[PDB]
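The sequence shown lines up with residues 144 to 250, 269 to 322, 351 to 373, 379 to 435, 460 to 489, 496 to 531, 544 to 753, 760 to 972, 981 to 1093 when you count with the authors' numbering.
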Amino acid sequence: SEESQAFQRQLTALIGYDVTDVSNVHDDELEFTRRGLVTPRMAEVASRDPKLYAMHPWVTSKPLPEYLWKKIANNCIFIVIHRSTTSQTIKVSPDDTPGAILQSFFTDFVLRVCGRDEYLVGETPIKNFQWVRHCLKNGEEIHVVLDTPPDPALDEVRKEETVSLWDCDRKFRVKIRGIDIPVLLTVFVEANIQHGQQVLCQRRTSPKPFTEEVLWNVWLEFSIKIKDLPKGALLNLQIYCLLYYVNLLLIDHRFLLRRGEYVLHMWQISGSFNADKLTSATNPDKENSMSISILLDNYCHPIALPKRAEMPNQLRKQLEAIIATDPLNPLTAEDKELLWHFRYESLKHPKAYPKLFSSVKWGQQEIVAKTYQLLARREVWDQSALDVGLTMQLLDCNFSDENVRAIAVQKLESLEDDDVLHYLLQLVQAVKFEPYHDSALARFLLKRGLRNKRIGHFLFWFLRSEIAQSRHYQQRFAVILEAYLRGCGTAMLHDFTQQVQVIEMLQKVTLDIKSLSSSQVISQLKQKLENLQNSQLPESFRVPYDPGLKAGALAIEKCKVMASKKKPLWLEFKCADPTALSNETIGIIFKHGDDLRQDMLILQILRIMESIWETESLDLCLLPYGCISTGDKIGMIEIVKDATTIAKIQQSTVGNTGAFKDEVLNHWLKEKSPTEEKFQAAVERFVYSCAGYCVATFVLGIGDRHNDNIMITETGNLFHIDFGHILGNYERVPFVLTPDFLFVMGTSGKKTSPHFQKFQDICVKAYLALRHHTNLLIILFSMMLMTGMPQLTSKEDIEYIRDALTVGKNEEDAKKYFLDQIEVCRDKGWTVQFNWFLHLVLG
Ligand SMILES: CNc1nc(C)c2cc(-c3cccc(CO)c3)c(=O)n(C3CCCC3)c2n1
């Protein structure tokens, strides 16, 4: 067709990358995976109920926590329904199915929410809708417009149409031809054979003078049999004088050993591991890039990779100990041989699977074969409750064997939609650790993407973000994105199209205003925004960070540039939907020069932390506001309404002095409060709020923060920001509990009011709570550093979280450690803020 020829052109511009392209391939793996995904794509579209997929209800099957019962009158919730303008309130029991909240209204139509693209459809108790649980949380009313179901019709999709390797015993070899750099020391080539960050054999070449061309024509023989190469092995070519690297999967997506001639353009190094370094893709920029030439031996060569007693006592106990230690504590050789010999005993403990499958010599045919027999007894893994920390450790950079990995992905299949949303950003980042383009995990992101409009909206932007600012991974991601778009359904396809149009204009607008860097500038911003508001910028569009919110007309009146070194737009929008209950605009900040990738990661851990605390019935009140990375150093940011920097509340009654007054904040609070009484709450909300960030900030190692980088709301709730900075470009304090926050709490100097005793008892139940998940957080945090924090890994950075979560110690030993922490705050007072000020305001 040709409606299959122009189509490919919209998809390509939705993606922001041309997949069909070929200038930076050296084989057909990607196309192979495009081919491949067609089936899981069509398998899920065919299989999703067009009804529920149309209204994408947002259900949750977890218990409605404590604080939200102790917030109900009694077994009675209230839901204001709206028609023409004739309102109406109704009684409803927390277990009231939605449709009944109509068979209880007429005694054809589906309940929507007011303002939002959020329906309350489907066979679920209301107790269990997120919006509801959201009203309950912040205490608002539940407003529905009884209106007409969307048309599945609109989600319809466009129309679609040898000698085995275990025979061969010769040490595997690769010939170097040499390298060549079109623009400039001695220099050697390093040729490692890797698997899952294990290094099997290793060779190099004689040094050389560093010249515009260098040739060796050597052969590097390895100490690895051909038959001992494991599926997922990388030839890793490197160049020292370290300067350039590049990789080649020795065994290919077709299970064939790689023989042939290869001209790979090679990746520079900026400035000890880091997810780009793992990539099977090659540098596109040829005119500039170093390159290396090799020969993989040939002939033929179709090859061809195919497919208990008892136990002492000190040993069992040595073994129980090993299973016990955290994900980061390293396995000695004594440890590994121990895990392996008693592997059948190690298989009974899912907790042992990461450590056990890392004791495997993947460079040995027979061992892998044995390991694969180990996976065939996987019944105890299979039965156990899903444990995401455990499931994550087998998906990291340490496991390169798709069988192992696949059983983690099997364990994810059983996450409810609610939880995919919690781990989606990092599961998507997890794709970078997959040796091959098509994977159980790449397919699982596809399935879940296609089965739910909310996961698929976020999957879209997460992937789109990576595509745009990572040339190491765009190819593979672009292929996954494309597969998504070919089956989300015209409707959303059209929606994604509005969103990309709008947010691509606002970006050049933003970069533009930045370039003109004042009275002479407030003018242009107001001027361009009219242009766009004229014809091109379509009427509305989903807010990318909040898929349920459609933004309508701008409001040039309120928009502006800002007094940052860089010049971020403070744009404000009208809600595009009439049914809205209020008239508060929608506020977004476009900014160039922050790596918002890091804020995404950090913000997302924060939500996971809010979710951990919920299992234990706490609520520490965080504001992990929306944030979407759209390109390199560029993206947008939700604006929390009614909030200021803490510094600003200092600049208020002191003003560019830094003579910080221990009292201004509790002042700012009353001034803003409607009463004294609600004001108590703006004190209460602060207590929790503050401890909440104190602990998470401390655990993540981003608690030693600057005063402009903390914020608060006229209604009490406090929250950090701009996490890009710190771990994004980087005499101390653990977190930040300033005399201001203390003063609000009732304490002064060496006194100890009650509210603060509370703050403490919160900082202690909360801090201990996260430690009940040491493993999960360590793996989240450890994957963040590798995939999101460039150059700042080393591992010595990764280990930090170990100390903070205080692995080893008992709860008692723990409750203390953190109160001592809280104490370094009370003892350091202002030294540091005042210190940061002397620094960040002048230096
Ligand atoms: C008004 N409320 C309000 N809400 C929010 C969420 C923000 C967020 C950022 C912000 C800035 C950079 C990175 C990130 C991502 O970590 C967030 C921000 O800079 N500001 C203001 C402080 C200086 C002027 C703008 C905010 N202000």
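Note that the Cβ used here is the ideal one computed from N, Cα and C, for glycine as well.
Asked, Found
"So, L428 versus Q396, is the Cβ gap smaller than 8 Å?", "no"
"Sorted by chain position, which residues of the same chain lie with C-beta nearer than 6 Å to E172's C-beta, five sequence neighbours on each side aside?", "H471 and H673"
"State the beta-bridge partners of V667 as determined by DSSP.", "Per DSSP, none; premise fails for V667."
"Using DSSP bridges, identify the partner residues of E880.", "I830"
"Enumerate in chain order the residues of its own chain whose CB-to-CB distance from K768 is below 6 Å, with the five nearest sequence positions on each side excluded.", "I798"
"Using a Cβ-based criterion (distance less than 7 Å to any ligand heavy atom), does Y867 qualify as near ligand 1?", "yes"
"Does DSSP put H962 in a helix, in a strand, or in coil?", "strand"
"Buried or exposed: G970, going by 16 or more other Cβ atoms within 10 Å of its Cβ?", "buried"
"Quick one: grab the DSSP three-state call for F593.", "helix"
"Identify every run of the alpha helix (DSSP H) within the segment 674 to 735, keeping only runs that are complete inside it and at least 4 residues long; order them along the chain.", "676 to 687, 689 to 705 and 710 to 721"
"Is it buried or exposed, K1000, if we count other Cβ atoms within 10 angstroms and call 16 or more buried?", "exposed"
"Indicate, with yes or no, if ligand 1 has a heavy atom lying under 7 Å from the CB of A885.", "yes"
"Less than 7 Å between the CB of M185 and some heavy atom of ligand 1, yes or no?", "no"
"For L907 and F1031, which I take to be in contact (beta-carbon distance under 8 Å), what is that distance rounded to the nearest angstrom?", "About 31 Å; that fails the 8 Å criterion."
"Assuming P866 is part of the alpha helix (DSSP H), what are its boundary residues?", "It is not in any alpha helix (DSSP H) - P866 carries neither H nor E in the DSSP assignment."
"Looking only at its chain, what residues have a beta carbon closer than 7 Å to the beta carbon of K597, apart from the 5 residues adjacent to it on each side?", "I603"
"Closest by CA to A505, which one among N430, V1091 and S853?", "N430"
"Measuring CB atoms only, is the segment 866 to 873 touching the segment 945 to 959, in the sense that at least three cross pairs come out at less than 8 Å?", "no"
"Reducing DSSP to helix, strand and coil, say where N430 ends up.", "strand"
"How do the segment 207 to 220 and the segment 800 to 809 stand: do at least 3 beta-carbon pairs fall below 8 Å, yes or no?", "no"
"Taking the DSSP output, what are the residues bridged to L409?", "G367"
"Would you say the beta carbon of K833 is closer than 7 Å to some non-hydrogen atom of ligand 1?", "yes"
"Given a cut-off of 8 Å, decide if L281 and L307 are closer than it, judged by their beta-carbon atoms.", "no"
"Given a cut-off of 8 Å, decide if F635 and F680 are closer than it, judged by their beta-carbon atoms.", "no"
"Using a 10 Å radius around the Cβ and a threshold of 16 neighbouring Cβ atoms, would you call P866 buried or exposed?", "buried"
"With DSSP as the reference, label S620 as helix, strand or coil.", "coil"
"Which one of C936, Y787, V1014 and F965 has the shortest CA to CA distance from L992?", "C936"
"Measure the C-alpha to C-alpha separation of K792 and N773 and round it to an integer number of angstroms.", "21 Å"
"For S894, report the span of its alpha helix (DSSP H) as first-last.", "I888 to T895"
"Can you name, in chain order, every residue of its own chain whose Cβ lies under 6 Å from the Cβ of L466, other than the five neighbours on each side?", "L429"
"Tell me whether the beta-carbon of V223 lies closer than 8 Å to the beta-carbon of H304.", "yes"
"Confirm the yes/no value for this check: CB of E826, any heavy atom of ligand 1, distance under 7 Å.", "no"
"On the three-state DSSP scale, how would you describe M953?", "strand"
"Select from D422, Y589 and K194 the residue whose C-alpha is nearest the C-alpha of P313.", "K194"
"Which class does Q769 belong to by DSSP, given the choice of helix, strand or coil?", "helix"
"Quick check: does the Cβ of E321 come within less than 7 Å of any heavy atom belonging to ligand 1?", "no"
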